[PDB]
Amino acid sequence: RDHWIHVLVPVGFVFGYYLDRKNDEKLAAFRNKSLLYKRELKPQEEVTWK
Amino acid sequence: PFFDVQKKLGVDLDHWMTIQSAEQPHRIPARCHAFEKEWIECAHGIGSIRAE
Amino acid sequence: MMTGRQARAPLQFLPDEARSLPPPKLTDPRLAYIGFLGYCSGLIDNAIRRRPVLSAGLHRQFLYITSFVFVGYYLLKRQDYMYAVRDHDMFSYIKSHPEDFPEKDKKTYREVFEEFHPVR
Amino acid sequence: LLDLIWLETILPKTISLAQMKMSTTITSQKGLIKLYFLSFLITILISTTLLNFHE
Amino acid sequence: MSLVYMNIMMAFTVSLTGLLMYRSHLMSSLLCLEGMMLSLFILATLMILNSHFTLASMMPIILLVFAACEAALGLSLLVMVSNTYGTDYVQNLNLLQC
Amino acid sequence: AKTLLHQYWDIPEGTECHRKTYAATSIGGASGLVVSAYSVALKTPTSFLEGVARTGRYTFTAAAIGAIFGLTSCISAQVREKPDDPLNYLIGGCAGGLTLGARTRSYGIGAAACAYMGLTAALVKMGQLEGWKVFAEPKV
Amino acid sequence: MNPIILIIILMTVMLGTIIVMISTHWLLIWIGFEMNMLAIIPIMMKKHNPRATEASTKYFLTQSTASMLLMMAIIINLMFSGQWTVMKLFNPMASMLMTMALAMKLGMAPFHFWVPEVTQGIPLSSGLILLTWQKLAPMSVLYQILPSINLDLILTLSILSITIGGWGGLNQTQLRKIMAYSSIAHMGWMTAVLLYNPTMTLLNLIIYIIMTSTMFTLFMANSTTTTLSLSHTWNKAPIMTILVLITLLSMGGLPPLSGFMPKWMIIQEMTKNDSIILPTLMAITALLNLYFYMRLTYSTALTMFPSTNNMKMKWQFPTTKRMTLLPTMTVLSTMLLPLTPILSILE
Amino acid sequence: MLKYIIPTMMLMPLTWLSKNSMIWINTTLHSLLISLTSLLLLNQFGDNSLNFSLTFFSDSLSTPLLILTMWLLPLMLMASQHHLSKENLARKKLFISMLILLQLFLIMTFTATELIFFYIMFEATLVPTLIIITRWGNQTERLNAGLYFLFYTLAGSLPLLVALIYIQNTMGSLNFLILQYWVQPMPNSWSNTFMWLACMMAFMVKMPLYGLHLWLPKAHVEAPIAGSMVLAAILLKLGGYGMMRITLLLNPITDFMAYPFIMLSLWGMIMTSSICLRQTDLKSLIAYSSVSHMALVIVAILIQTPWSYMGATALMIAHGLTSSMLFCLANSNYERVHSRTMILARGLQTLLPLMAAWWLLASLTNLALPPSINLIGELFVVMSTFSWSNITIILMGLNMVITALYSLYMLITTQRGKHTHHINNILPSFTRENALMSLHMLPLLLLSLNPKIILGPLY
Amino acid sequence: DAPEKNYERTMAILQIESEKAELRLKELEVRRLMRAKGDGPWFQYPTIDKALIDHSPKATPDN
């Protein structure tokens, strides 16, 4: 690519965004288990958030 | 850092002169052999804090 | 502190019970940071000898990265082992001394009186 | 008076002069082995008789 | 404890205060250092002979040998000092103040 | 000299002024003798008379600091009827700082030693009250 | 010196320290110290000038005095215990004498008076050995005897070393005396945490050895023994000024650097034991060390001092000096704080 | 938070792999993209903070400071590229690396969930700032300035470290989220008194407290322009952020520990503002005005009411933009006359009229003209301090007189009157300079349309 | 993020950090007790190994 240096900060955003989402699955012990937001799962649903 | 090389390799570099109740030449006892044997066998393995 | 724990079997970098523990992944971020430190050492090695920093001696930069990752993997194994030993000793000591660790009666805040301090 | 002199005088300038003076007292040694070992003897006598670090 | 140990310890402290209060000569300091060694030899020997602690009988010899080797090293340093200033005066050894 | 500090701190504040003054004077004299010992150690005086003059000067300086400290602290504890109060040792430390300025014959050293020795003596009183430890025993 | 003789003598220095580290008998501890001193005397007289002979004589006298005090402590221990095991001592007088002897071997204040003189008198490589390798054997002996070390003595030595090493380096322009007073202050920090947690003693020892070896390797790589010759480095090797900048900021204990790692952990272990005044005053006293480190960073990296004309000749020649482990040591002395929980490998 | 930390770190290979003519353009472009990205932090809730991970969180206090921090980096690059035009290329890249590194330390200073990691990033900010001041400052005094900035901070912050570790030993945690629920009352004692001082004096130095402020009219004056921009706009606010976090743990002892410091601030803003009436150095005048404005933030945090915290965070954001713009205006005159003497170049509205309009708008925001967020923060702090004690309005209102008086005097001296005859190098305003002024002033005025995003966690 | 996601993620964070805090407090109390009493696996300072003792008949009987 002739302008390969202009993707360092954008991909570093996306990858950083990726890691944040990848961290959320490590902090999902109370997913659908809070007293405020626990509910029965809708059909064709496995988790309430990702 | 007491690197316990002597116990690691199984060599006796200096344990033999360490106590009076150790193996002596010609089985010569120290004068306090029984007292030192009693104090070592009492204090063995229980740590220095409990041995005090 | 734990020096009598590792004194019956001395000078073991990783004892045999350390193999009960899961090893660090190769994608451990600590291990990636140690590889980054190897890459920084390779760059400083090019810089102080006035080589072109990114380009010169890629074999040497790769041996820096490889040697730091190699040493750091075993250092992380020993680190995780020693914290596991710390918790194992803590839990076995609490389990063997219940008179020193009683179960405290937890009170709800309807019984708990706290003094109010007005900000005025 | 305040923010060029006295608030400058009481915290940073007096601290800096004190550390300079202590630095010059510590580093004014005459390089003599005799005086350093005489200080070591005085150290041992103060530790034994005056501080009781041997009891 | 036994009465001779008082005098051997007092000999050590006398040679210690001699070695910690220089007059002029480096040789007198080395003599006080080897007096400290001699008193350590005598005190170790009296303990080990009193206790009938057999294997430690070789200990004071080792204490002698090492320390005399140490003394040899000290004499050599003195000689090199005496090959610079003509004397072994400790007041000539003050270049390292600055 | 640990028993000097014990016979200082055993007496309650504002009760026996002469013995508190004497105990603080003895603490100051011991500190002055230590300073004099290292002073004639590391810096050789030109004579024996100059050495004993330096020793007597430093010992009397630190003993006068201790005397005026203990006197001012006990008098301020008497006239205010507040023995467990660090303002008494603040006043006493400033009196000792003015003493250290009077011995060095300078006002700036007097004001600086007033401020820093008063805050230090106030901190020592607070540490005696709340049980602050400087050489704390290993517990964990 | 013959290179074979140099290798045998350096292996004998290492052997004496290793004998101290591996032996269970007090006589072999004492033998390891004697062997180490005997072998390290030629390393100090490597260049054969009167300053090296004076430094070796002062070093001989202090270490021989400490060795005799050590043997008297061993002999008193044999009186009151009938044995020779390297463990706790069985008399407080023997404990005091051994703590004094080890403090003299370390050059901790008020036995610090040989360390700037002997460090100034000897070459940079032998002062590197003196400030790093020669601390290892007495710290290991202090490690094993800590159930009998008097608390007030070791903390008095610690704070006295930190204060005296802080004020001593403020007046210095010679680099070897700066490293010597820095050494005195860092050994005070190591002994202050010893009775509370000797793992933090080992951590402070290792980080100190890395940073001090880095600074000596930079000084050897630039052939600089003064502040003012170190100030020429920007016009000759500008990367070296960045390296001395980051290493001196690390030795000051400024986060996010690795030399912030020991003192923080030391404070972390001294407040668990309810000592609050002491690590506070220790950390504030270490600002003196940071001040003369900052003086060196101002003269070397953050400003450009005037150079000479003959420097233009040295632009035409590359550094052929073996700067052994200098990029590795520079990285470990600066970027190691994110790996602070690695310290448990020292337990 | 790692969607901001990783692009900020990717600015480092971006500046070191750029072509030599492209290192300002590329870093400016991608730092502007990071600043555009920073608005995703405005996912704030009325009850919960935005809690990303074990390490990072962002409530409505840290979020505007983060947006301002990430916004200030492109403006610092624009402000600094002209006076570093003749610089060596590697030193130019090292300068940009220090700014990038300072942004990296700041964004995880403000989002640090745990307080000792806050401490480490908070103190890590010292090293790039010290390097920028002492290496790229213009004069001799920068070296002395670098010492004062270093040693008022650490002498305050090393007792904080001990204090925080003590809380770690007492509470078991330094997580701010855990400490919201496990906070115990701090009673009156001497131990808790010095606990309070150790928790507060590092941030008192950072604000700065009056009497502790002496590092600032050397550090902000001797710095280069990007140094002064980040020092006035962001690094003063580390103290206010840290106070607003740390005073959770200091109740109820604060209710009498604040009394001296409040006095030092309430009289101090009378003093330093008055000092601005007699400053001959323009950049020193802007620095002393920063001390005077941060005195209100100190009072507002110490009286710890909802109105005072809302006013203090609004005043921190507003002062960041205004003081950064004022330093850039003073630099635009310094880059023409090469002296910071304010009486030297006069009558500049006759020569530079649009830059005189920027001087006018920055002066109006400095004197807190309504409805600017300067006035919103000013006014809300004045409301809360009137409720604290009705007499404070005297020291408040008199301050607003003097604040007007030095703001317009600065405007009258430099812009009005007759131009100096012998000065003939007054170039017309570059597009970069007017752009820098507009990128300060247009967001500052647009925040008056929607100020609720800069009113903090208890809006 | 949804408010549900941030809410329950906050609960996971709070559980992890409260458990770490309770373990640090228990670690301090365990270290205090083991240093005081010496009966745990920590603070075990060495004594003499009794396997070094010679138990053979010596030259004299009374030993």
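In the text below, chain A, chain B and the rest are named by the order of the sequence lines, each starting its count at 1. Atom set for the values below is all heavy atoms of this structure, side chains included, hydrogens, waters and symmetry mates excluded.
- In this structure, the side chains of C:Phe91 and I:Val30 stay at 4.5 Å or more apart for every pair of heavy atoms.
- The CZ atom of C:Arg8 sits 7.0 Å away from atom CD of I:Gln44, with the distance rounded to the nearest 0.5 Å.
- Heavy-atom distances place the side chain of I:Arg31, and not its backbone, under 4.5 Å from chain C.
- Counting non-hydrogen atoms of other residues, nucleotides and ligands closer than 6.0 Å to CZ of C:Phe70 gives a total of 12 or fewer.
- Within 6.0 Å of NZ in C:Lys25 there are 12 or fewer heavy atoms belonging to other residues, nucleotides or ligands.
- The side-chain heavy atoms of I:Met34 and C:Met1, taken from C-beta on, include no pair separated by under 4.5 Å.
- Counted within 6.0 Å of CZ on C:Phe36, heavy atoms from surrounding residues, nucleotides or ligands total 12 or fewer; the atom is thus considered open.
- Nearest heavy-atom pair, I:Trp42 versus C:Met90, reported as atom, atom and distance to 0.1 Å: CZ2-N, 4.2 Å.
- Rounding to the nearest 0.5 angstrom, the gap separating the CG atom in C:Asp100 from the CD atom in I:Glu29 is 7.5 Å.
- By the neighbour-count criterion of 12 heavy atoms within 6.0 Å, atom NZ of I:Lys50 is sparsely surrounded, having that number or fewer from other residues, nucleotides or ligands.
- The minimum heavy-atom distance linking C:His97 with I:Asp39 is given by the pair NE2-OD2, 3.0 Å.
- The 12-atom threshold is exceeded at CD of C:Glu99, counting heavy atoms of other residues, nucleotides or ligands nearer than 6.0 Å.
- Heavy atoms from other residues, nucleotides or ligands lying under 6.0 Å from NZ of I:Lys20 number more than 12.
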